[PDB]
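Below is one structure; the comments refer to it alone.
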Amino acid sequence: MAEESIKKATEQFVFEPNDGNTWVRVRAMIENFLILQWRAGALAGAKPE
Amino acid sequence: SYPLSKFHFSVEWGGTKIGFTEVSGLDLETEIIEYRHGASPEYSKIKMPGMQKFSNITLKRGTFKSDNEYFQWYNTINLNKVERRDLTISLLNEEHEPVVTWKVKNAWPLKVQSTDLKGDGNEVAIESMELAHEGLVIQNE
Amino acid sequence: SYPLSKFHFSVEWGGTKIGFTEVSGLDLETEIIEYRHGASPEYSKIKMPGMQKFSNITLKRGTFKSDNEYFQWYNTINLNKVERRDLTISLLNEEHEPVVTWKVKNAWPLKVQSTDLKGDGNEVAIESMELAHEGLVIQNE
Amino acid sequence: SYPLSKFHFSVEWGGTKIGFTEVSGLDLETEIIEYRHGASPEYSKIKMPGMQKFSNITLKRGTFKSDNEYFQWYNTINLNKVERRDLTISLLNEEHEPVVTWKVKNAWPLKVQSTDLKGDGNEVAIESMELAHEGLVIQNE
Amino acid sequence: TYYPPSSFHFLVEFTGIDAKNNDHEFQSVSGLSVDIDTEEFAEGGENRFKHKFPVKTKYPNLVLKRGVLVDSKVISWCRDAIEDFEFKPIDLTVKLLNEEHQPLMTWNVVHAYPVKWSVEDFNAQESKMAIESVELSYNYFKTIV
Amino acid sequence: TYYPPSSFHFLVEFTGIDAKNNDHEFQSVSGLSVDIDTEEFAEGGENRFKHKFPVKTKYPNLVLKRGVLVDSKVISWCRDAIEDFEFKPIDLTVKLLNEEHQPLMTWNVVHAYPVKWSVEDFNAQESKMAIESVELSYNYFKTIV
Amino acid sequence: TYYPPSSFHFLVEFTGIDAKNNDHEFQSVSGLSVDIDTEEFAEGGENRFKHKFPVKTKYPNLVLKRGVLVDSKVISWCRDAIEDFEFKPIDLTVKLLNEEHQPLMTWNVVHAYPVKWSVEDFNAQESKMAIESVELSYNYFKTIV
Amino acid sequence: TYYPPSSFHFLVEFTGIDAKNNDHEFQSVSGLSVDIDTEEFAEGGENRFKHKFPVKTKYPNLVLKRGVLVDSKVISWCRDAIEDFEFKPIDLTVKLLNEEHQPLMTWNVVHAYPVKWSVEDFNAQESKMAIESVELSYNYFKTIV
Amino acid sequence: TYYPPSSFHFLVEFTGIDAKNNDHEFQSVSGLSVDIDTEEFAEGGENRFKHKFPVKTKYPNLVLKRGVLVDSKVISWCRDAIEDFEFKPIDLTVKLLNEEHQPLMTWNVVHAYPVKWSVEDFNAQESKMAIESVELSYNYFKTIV
Amino acid sequence: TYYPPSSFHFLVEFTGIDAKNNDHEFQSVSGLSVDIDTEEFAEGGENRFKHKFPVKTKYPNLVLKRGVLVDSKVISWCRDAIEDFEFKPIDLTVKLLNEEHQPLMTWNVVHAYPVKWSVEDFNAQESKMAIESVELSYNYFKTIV
């Protein structure tokens with residue numbers, strides 16, 4: 001489940017330039033997906049780190 | 001192949017004479033609006049035209065017996081009313097015909113200045129006037 | 001072994017003539033940002049570059065019969081629109097070829113100034129223009 | 001038993017030539033902090049030293065064919081980065097050796113000014129530069 | 001840093017709204033800060049100070065300004081919320097840039113939506129540009145650096 | 001835009017009031033903006049932020065200024081409401097114009113009526129124009145562009 | 001108008017008080033304006049705006065200033081009200097004049113009486129005129145033009 | 001008047017306190033004014049205005065300033081009230097003078113007593129005169145002219 | 001007086017604290033003033049004024065400023081109160097001096113103790129002296145002259 | 001002193017946070033002051049003054065400013081508290097320095113933790129440095145000198 005959702009979220013960056021201004025946007029998006037899963041109780045750990 | 005000189009000219013202002021000693025202030029001016037958005041690669045601004053301005057016009061002449069034309073025009077001011085006139089200024093050729101013409105819309109007098117008197121003042125008494133207006137067009141064909 | 005003189009030059013501005021009496025304002029300027037933290041052993045500030053500026057350019061020429069190029073360019077202003085031009089200024093050698101070139105981006109006229117008239121004005125009537133622009137590059141190879 | 005003259009000197013600034021027409025601005029300045037307590041018998045203040053300042057340095061030279069050293073240094077500015085240099089200014093003796101030296105830390109160019117052009121300008125075209133810096137030491141042994 | 005960076009070179013990007021280059025350029029950005037609400041208590045016998053306790057983390061609205069743009073996608077999004085109560089929150093990135101135009105530091109703004117839209121007054125006697133202003137509410141932000 | 005438009009060229013038109021050219025010319029226009037009222041809530045266990053919810057869309061009054069005109073139709077309409085409580089709401093259009101004097105963008109102001117009318121103080125020692133000011137209440141606006 | 005009138009030429013006249021030429025001349029006049037008090041209501045299901053309703057028409061006090069005059073009839077009238085609670089309301093006319101010294105427009109002020117009277121502070125180190133100020137309450141006004 | 005009088009030539013005199021020439025000279029006088037408190041009422045069916053009614057006449061305190069005088073009789077009187085609650089009200093006359101040094105107009109201040117006394121701050125780094133200030137409460141005043 | 005004294009030459013002395021010459025020198029002194037609290041009453045039938053009655057005499061805190069002194073006795077006294085709630089009130093004398101450095105006039109400040117102590121902000125980019133400020137509460141004062 | 005010290009040379013040090021030279025340098029420091037809360041009481045028969053009593057000692061927050069630093073240890077510490085409610089108080093020393101760069105005087109700040117963090121607004125049309133600001137709450141301070 002988690003892999004399919006992330007895969008779809010990253011389709012919007014497929015034809016973007018491959019540089020720092022894209023790498024940072026991809027990271028922010030993935031982290032937002034995962035923080036929600038953590039709050040929901042799927043992921044283990046006291047804090048996101 | 002030669003430029004024009006600056007001493008042969010005439011002024012039509014609705015008075016009885018067209019000869020003047022000095023004419024100045026025939027200028028045009030536009031304001032500038034500047035802009036820069038934070039993401040621009042250049043660290044300077046882009047410029048475009050704003051609103052427009054005009055300068056006041058100054059006319060100088062010698063004082064003559066029984067000629068009170070400047071005062072009489074000034075004295076037409078009555079609260080917010082004044083006689084407005086079309087002012088035509090022209091640079092002349094050797095046949096005394098126009099070459100370069102400055103056309104001025106809606107002029108009226110802002111101030112009238114008299115001469116100063118001196119015991120040893122061995123010179124001509126010169127009076128002057130300053131005019132407000134609403135626009136200038138330059139013709140040179 | 002000798003320096004260049006300052007009287008042989010030409011200006012390309014999109015008009016019909018390239019001869020001018022005077023050209024001025026070809027400057028470049030940068031702002032300075034200053035800083036000092038309280039624990040520093042020195043009692044003065046450290047400096048670094050800020051944003052950039054350019055000066056306006058002034059051009060002067062003699063008035064000629066049937067030449068109204070300055071007015072016509074000025075008169076292309078329509079609210080926020082204006083005809084913008086590439087301005088090229090060049091210092092010439094004895095073969096009348098460029099030596100030093102100043103390249104100016106996006107110029108338009110800010111103001112047009114006419115001459116003053118005098119009864120005893122034994123001189124040439126000189127008109128002038130002031131231009132806004134967005135950048136200057138200097139070439140000397 | 002005689003003082004030094006002011007016309008024989010050289011400047012080392014990282015460029016290809018050390019000859020200049022004019023050098024100015026080698027100043028040092030300190031601020032003053034004032035104080036008076038109400039019970040004092042004197043009706044004036046006591047003074048002590050504050051923070052320190054330095055002036056900008058101006059350099060002037062004639063324009064030469066294929067020498068674009070001033071522009072090239074200025075053009076190293078990139079947002080907050082610039083090439084900084086050690087500037088050494090020296091007053092010379094009859095053997096062309098240093099007598100008085102001014103040592104300047106971290107200089108960079110603030111502005112570059114080009115010449116003005118004139119139809120009757122029978123003179124040398126002179127360019128100039130203004131430099132920011134972080135400190136001056138004077139040596140005279 | 002040894003020489004700290006200036007503040008005049010930055011980029012605003014939106015996620016969930018069709019991109020156009022004219023919607024990434026702004027005159028000014030403000031509101032990237034935070035605070036903690038506290039409560040006080042006096043303990044009998046302790047006369048040197050009162051105790052203070054944290055309660056909540058608080059963030060201000062994000063404010064963006066620019067010259068008026070007539071075909072903006074961001075404004076169409078604002079209108080759907082303003083006129084019909086259709087709300088669909090977005091994420092946003094604020095980037096502070098270096099001389100190679102790459103980020104020095106960024107801010108990740110989470111779950112934002114429009115609360116305000118305005119245009120400054122017209123004046124027949126002044127030479128000025130028409131300026132537009134948009135304000136957004138959001139839940140929190142994180143930083144990457 | 002690439003070069004954003006200025007704000008000094010515009011037109012105000014009224015629907016439901018007899019037209020005169022002297023009632024379409026104004027010195028200044030203000031009040032074309034909007035905001036959303038919200039409420040806050042603290043959820044137990046969530047210590048990172050408070051929740052915020054929208055409640056209502058809010059608009060300010062529209063304000064018009066000009067030099068005093070003695071035979072105005074708009075003022076006759078204002079007087080009927082002010083003096084006799086006869087209210088008959090109108091619609092209005094605000095137009096921002098281009099160099100061909102055609103609209104860049106317009107605002108559609110719906111169901112407006114007068115709430116205020118005033119003239120600035122007289123002063124025997126100052127050279128000034130007499131200025132008139134009118135304020136209108138309305139329900140909402142839409143834009144066309 | 002095409003050229004709107006200026007505000008520095010005007011006349012104040014009183015009805016019910018013996019006339020003197022020195023009581024018709026003033027330095028400044030203010031307070032000729034009006035407003036409408038309103039109330040708000042939220043209708044369930046309508047989320048685009050709140051409703052607004054008029055309640056009352058409101059007028060500010062009329063304020064007159066001039067240099068101090070010692071034998072004024074207007075001040076004697078003010079004193080009877082101030083010192084003895086003898087109140088006898090008057091009517092008043094404010095006239096804005098043209099170049100022939102005839103009215104452009106007038107204001108009819110109905111049923112006025114005094115609520116305030118003062119003279120500005122004295123200062124041994126300044127060169128100034130002594131200035132007097134009078135404020136009147138009234139019910140409403142009408143205009144003629 | 002035709003040419004109104006200036007305000008820089010005046011005299012303050014006290015009744016009930018031993019006279020000294022140095023207690024009649026002041027830098028500034030203020031507080032010679034009055035106002036009327038009112039109440040409002042809305043009458044059902046009358047929608048053009050609210051009614052207003054007078055209730056009370058009100059006066060501000062009288063304020064006097066001068067350079068510091070060490071042997072003042074007025075200050076000894078102020079101290080008895082300030083330090084011991086011994087109150088003994090006085091009357092006072094304020095005179096505005098003409099070029100022959102005779103009164104143009106006077107104010108009769110009735111039943112006054114001290115409520116405040118102060119001296120301005122000292123500053124070792126400024127060249128200034130020490131200034132004293134006295135404030136009095138009174139019941140009413142009358143004018144003679 | 002004929003020529004009133006200036007305010008830049010004065011002395012502050014403390015009783016109950018070990019003396020040092022560096023604790024008698026100050027940049028500025030303020031707070032030497034007093035006021036009387038009053039109450040109002042309306043008597044039925046009396047419409048010319050309300051009655052006013054005194055209740056209490058009131059004094060402000062005394063404020064002293066100077067450049068920072070590190071070994072001050074006054075500050076050690078302030079710290080005992082601030083840190084441990086050990087309070088031991090002192091008396092104080094403020095002297096305004098003449099050209100022979102003798103008192104023109106003095107103020108006797110009775111039963112004072114510390115309520116505040118602060119030092120102004122540091123700034124790496126400004127050339128300024130560090131300034132210290134002390135505020136004292138007291139019961140009353142008397143004057144001698 | 002005879003010549004008091006200036007305020008532009010100082011050092012901020014932290015205990016409990018890994019040290020870096022770039023976290024000890026600040027543009028400005030403020031908040032090193034204190035006050036005492038009091039209560040008032042009126043005693044019947046005593047009409048010269050009211051009594052005042054101390055209740056509590058009070059301190060303001062400590063505020064630090066500097067240019068933006070991206071790898072700061074202090075900011076990482078602030079983030080743990082801001083984002084996760086993990087609080088771990090620290091001690092701090094403020095040092096005012098002499099010409100040998102040794103302390104003239106120091107302040108011992110006890111048990112501090114972060115309550116605020118912000119960065120000033122960006123502006124595309126101005127040449128400015130990005131400035132960061134941090135505010136800390138603490139219990140009390142002591143001085144050493």
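FYI, nothing fancy with the structure tokens labels: chains A, B, ... in order, residues from 1 per chain, ligands from 1 as they appear.
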
Residues near residue E:134, cut-off 10 Å, only C-alpha atoms, skip fewer than 3 positions along chain, as a list in words:
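The contact residues come out as residues 62, 63, 64, 65, 66, 74, 75, 78, 114, 115, 116, 117, 118 and 119 of chain E.
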
What parts of chain J does DSSP call helix (DSSP H, G or I)? I'd like the answer as a tab-separated table (two decimals) with N, CA and C atoms, in the first residue's frame.
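File result-v2.tsv, as written:
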chain	number	residue	atom	x	y	z
J	21	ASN	N	32.01	28.18	17.61
J	21	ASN	CA	32.30	29.61	17.71
J	21	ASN	C	31.21	30.48	17.09
J	22	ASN	N	30.52	29.97	16.08
J	22	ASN	CA	29.50	30.77	15.43
J	22	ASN	C	28.22	30.91	16.24
J	23	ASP	N	28.07	30.19	17.35
J	23	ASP	CA	26.90	30.38	18.19
J	23	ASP	C	27.18	31.29	19.38
J	73	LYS	N	23.65	25.06	16.55
J	73	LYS	CA	23.29	24.06	17.56
J	73	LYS	C	22.15	24.56	18.42
J	74	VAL	N	22.14	25.87	18.66
J	74	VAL	CA	21.11	26.49	19.47
J	74	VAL	C	19.77	26.34	18.79
J	75	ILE	N	19.74	26.50	17.47
J	75	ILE	CA	18.47	26.34	16.78
J	75	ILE	C	18.01	24.89	16.81
J	76	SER	N	18.92	23.91	16.65
J	76	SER	CA	18.48	22.51	16.77
J	76	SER	C	17.82	22.24	18.12
J	77	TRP	N	18.39	22.82	19.18
J	77	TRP	CA	17.81	22.72	20.52
J	77	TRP	C	16.43	23.38	20.57
J	78	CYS	N	16.29	24.56	19.96
J	78	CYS	CA	15.00	25.23	19.91
J	78	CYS	C	13.96	24.39	19.19
J	79	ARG	N	14.35	23.76	18.07
J	79	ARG	CA	13.40	22.95	17.31
J	79	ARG	C	12.87	21.77	18.11
J	80	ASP	N	13.71	21.08	18.88
J	80	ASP	CA	13.20	19.94	19.67
J	80	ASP	C	12.07	20.38	20.60
J	81	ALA	N	12.21	21.54	21.23
J	81	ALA	CA	11.14	22.04	22.08
J	81	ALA	C	9.92	22.47	21.27
J	82	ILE	N	10.15	23.20	20.18
J	82	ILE	CA	9.07	23.78	19.37
J	82	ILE	C	8.23	22.70	18.70
J	83	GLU	N	8.88	21.72	18.09
J	83	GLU	CA	8.18	20.71	17.31
J	83	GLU	C	7.69	19.52	18.14
J	84	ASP	N	8.44	19.05	19.13
J	84	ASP	CA	8.06	17.84	19.85
J	84	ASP	C	7.73	18.01	21.33

Could you list the residues in chain D lying within 12 Å of chain E, using only C-alpha atoms, and format the result as a count of residues only?
6

Write out as a ChimeraX atom specification which residues come within 8 Å of residue I:143 when counting only C-alpha atoms, dropping same-chain ones fewer than 4 positions away.
/I:105-108

Interface, chain E side, toward chain A (9 Å; only C-alpha atoms) as a list in words:
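Output check: residues 91, 93, 95, 101, 102, 103, 106, 108, 110 and 144 of chain E.
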
Would you compute the distance between atom CA of residue H:35 and atom CA of residue G:88? Give it in Å to one decimal.
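Taking atom CA of residue H:35 and atom CA of residue G:88, their separation equals 17.2 Å.
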
Near chain I, which residues of chain H fall within 6 Å when you count only C-alpha atoms, and what do they look like as JSON, numbers by chain?
{"H": [56, 57, 67, 69, 115, 116, 117, 118, 121, 122, 123, 124, 128, 129, 130]}

Give as number ranges by chain every residue of chain D that touches chain C within 10 Å, counting only C-alpha atoms.
D: 30, 50-54, 61-69, 71-72, 74-75, 77-82, 106-126, 130, 132-135

Using N, CA and C atoms, can you write the selected residues to a file as a compact mmCIF listing (two decimals), in the first residue's frame?
# COMPACT_ATOMS: atom_id res chain seq x y z
N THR D 30 37.74 58.44 14.32
CA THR D 30 37.14 57.86 15.55
C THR D 30 36.01 58.73 16.12
N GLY D 50 35.12 56.33 20.93
CA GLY D 50 34.06 55.44 20.46
C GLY D 50 34.57 54.48 19.38
N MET D 51 33.66 54.07 18.50
CA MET D 51 33.92 53.15 17.39
C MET D 51 34.67 53.85 16.25
N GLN D 52 35.35 53.07 15.40
CA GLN D 52 36.14 53.62 14.29
C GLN D 52 35.55 53.45 12.88
N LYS D 53 35.94 54.37 12.00
CA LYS D 53 35.57 54.43 10.58
C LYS D 53 36.75 54.57 9.61
N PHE D 54 36.50 54.18 8.36
CA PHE D 54 37.45 54.39 7.28
C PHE D 54 36.74 55.02 6.08
N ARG D 61 42.89 57.11 -13.68
CA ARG D 61 43.91 56.75 -14.70
C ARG D 61 43.39 57.11 -16.10
N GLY D 62 44.29 57.23 -17.08
CA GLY D 62 43.90 57.50 -18.47
C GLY D 62 43.46 56.21 -19.16
N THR D 63 42.48 56.26 -20.06
CA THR D 63 42.06 55.11 -20.87
C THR D 63 43.03 54.75 -22.00
N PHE D 64 43.39 53.47 -22.06
CA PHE D 64 44.28 52.92 -23.07
C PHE D 64 43.66 51.80 -23.88
N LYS D 65 44.11 51.68 -25.12
CA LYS D 65 43.69 50.64 -26.03
C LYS D 65 43.97 49.26 -25.44
N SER D 66 42.95 48.40 -25.51
CA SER D 66 42.94 47.01 -25.04
C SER D 66 43.18 46.81 -23.54
N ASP D 67 42.93 47.83 -22.73
CA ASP D 67 43.04 47.71 -21.28
C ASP D 67 41.69 47.87 -20.61
N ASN D 68 41.13 46.77 -20.13
CA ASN D 68 39.80 46.81 -19.55
C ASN D 68 39.84 46.26 -18.12
N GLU D 69 40.93 46.54 -17.42
CA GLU D 69 41.15 46.04 -16.08
C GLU D 69 40.12 46.45 -15.04
N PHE D 71 36.82 47.25 -15.46
CA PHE D 71 35.57 46.58 -15.70
C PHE D 71 35.66 45.14 -15.26
N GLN D 72 36.74 44.46 -15.64
CA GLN D 72 36.89 43.06 -15.32
C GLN D 72 36.87 42.79 -13.82
N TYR D 74 35.38 44.72 -11.48
CA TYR D 74 34.01 45.05 -11.07
C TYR D 74 33.07 43.89 -11.39
N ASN D 75 33.26 43.29 -12.55
CA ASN D 75 32.43 42.23 -13.05
C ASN D 75 32.65 40.88 -12.32
N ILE D 77 31.75 40.61 -9.24
CA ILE D 77 30.71 40.64 -8.23
C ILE D 77 29.57 39.70 -8.63
N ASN D 78 29.21 38.81 -7.71
CA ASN D 78 28.16 37.83 -7.94
C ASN D 78 27.32 37.66 -6.67
N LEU D 79 26.23 38.41 -6.60
CA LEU D 79 25.34 38.52 -5.44
C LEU D 79 26.12 39.05 -4.23
N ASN D 80 26.62 38.18 -3.35
CA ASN D 80 27.37 38.64 -2.18
C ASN D 80 28.85 38.28 -2.26
N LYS D 81 29.30 37.77 -3.40
CA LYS D 81 30.69 37.39 -3.57
C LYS D 81 31.41 38.40 -4.44
N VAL D 82 32.69 38.61 -4.17
CA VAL D 82 33.54 39.50 -4.96
C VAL D 82 34.99 39.13 -4.74
N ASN D 106 41.53 44.03 2.35
CA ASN D 106 40.25 43.63 1.76
C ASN D 106 39.48 44.56 0.82
N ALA D 107 40.15 45.27 -0.07
CA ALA D 107 39.44 46.19 -0.95
C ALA D 107 38.65 45.55 -2.11
N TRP D 108 37.55 46.17 -2.49
CA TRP D 108 36.75 45.75 -3.64
C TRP D 108 36.13 46.98 -4.28
N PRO D 109 35.77 46.93 -5.56
CA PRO D 109 35.19 48.15 -6.13
C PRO D 109 33.67 48.39 -6.00
N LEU D 110 33.35 49.53 -5.41
CA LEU D 110 32.02 50.09 -5.19
C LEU D 110 31.38 50.67 -6.46
N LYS D 111 32.17 51.40 -7.25
CA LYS D 111 31.69 52.01 -8.51
C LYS D 111 32.84 52.22 -9.48
N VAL D 112 32.50 52.14 -10.76
CA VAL D 112 33.37 52.41 -11.90
C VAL D 112 32.73 53.50 -12.74
N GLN D 113 33.44 54.62 -12.92
CA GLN D 113 32.93 55.78 -13.72
C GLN D 113 33.72 55.99 -15.02
N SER D 114 32.98 56.02 -16.11
CA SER D 114 33.51 56.29 -17.45
C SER D 114 33.55 57.78 -17.75
N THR D 115 34.22 58.12 -18.84
CA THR D 115 34.35 59.50 -19.30
C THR D 115 33.16 60.05 -20.04
N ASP D 116 33.14 61.38 -20.15
CA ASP D 116 32.12 62.11 -20.91
C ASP D 116 32.75 62.52 -22.24
N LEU D 117 31.95 62.59 -23.31
CA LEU D 117 32.43 62.86 -24.65
C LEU D 117 31.99 64.23 -25.11
N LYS D 118 32.91 64.99 -25.71
CA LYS D 118 32.59 66.33 -26.21
C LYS D 118 33.18 66.60 -27.58
N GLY D 119 32.41 67.26 -28.44
CA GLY D 119 32.83 67.62 -29.80
C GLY D 119 34.08 68.51 -29.84
N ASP D 120 34.22 69.37 -28.85
CA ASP D 120 35.35 70.27 -28.70
C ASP D 120 36.20 69.91 -27.48
N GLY D 121 36.10 68.66 -27.05
CA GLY D 121 36.82 68.16 -25.88
C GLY D 121 38.27 67.83 -26.14
N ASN D 122 39.08 68.85 -26.28
CA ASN D 122 40.51 68.66 -26.56
C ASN D 122 41.30 68.24 -25.32
N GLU D 123 41.06 67.02 -24.84
CA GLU D 123 41.70 66.51 -23.62
C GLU D 123 41.79 64.97 -23.61
N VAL D 124 42.41 64.42 -22.57
CA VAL D 124 42.57 62.98 -22.34
C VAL D 124 41.35 62.37 -21.67
N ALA D 125 40.92 61.23 -22.17
CA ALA D 125 39.81 60.51 -21.57
C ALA D 125 40.27 59.80 -20.28
N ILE D 126 39.72 60.22 -19.13
CA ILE D 126 40.09 59.68 -17.81
C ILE D 126 39.00 58.87 -17.13
N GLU D 130 36.12 53.73 -7.40
CA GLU D 130 35.99 53.93 -5.95
C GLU D 130 35.97 52.60 -5.19
N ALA D 132 35.99 50.22 -1.54
CA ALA D 132 35.64 49.95 -0.15
C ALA D 132 36.76 49.13 0.45
N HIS D 133 37.00 49.23 1.75
CA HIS D 133 38.04 48.41 2.38
C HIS D 133 37.76 48.25 3.87
N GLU D 134 38.55 47.42 4.54
CA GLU D 134 38.38 47.15 5.97
C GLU D 134 39.54 47.57 6.88
N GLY D 135 40.40 48.50 6.47
CA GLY D 135 41.46 48.89 7.38
C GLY D 135 42.72 49.39 6.71
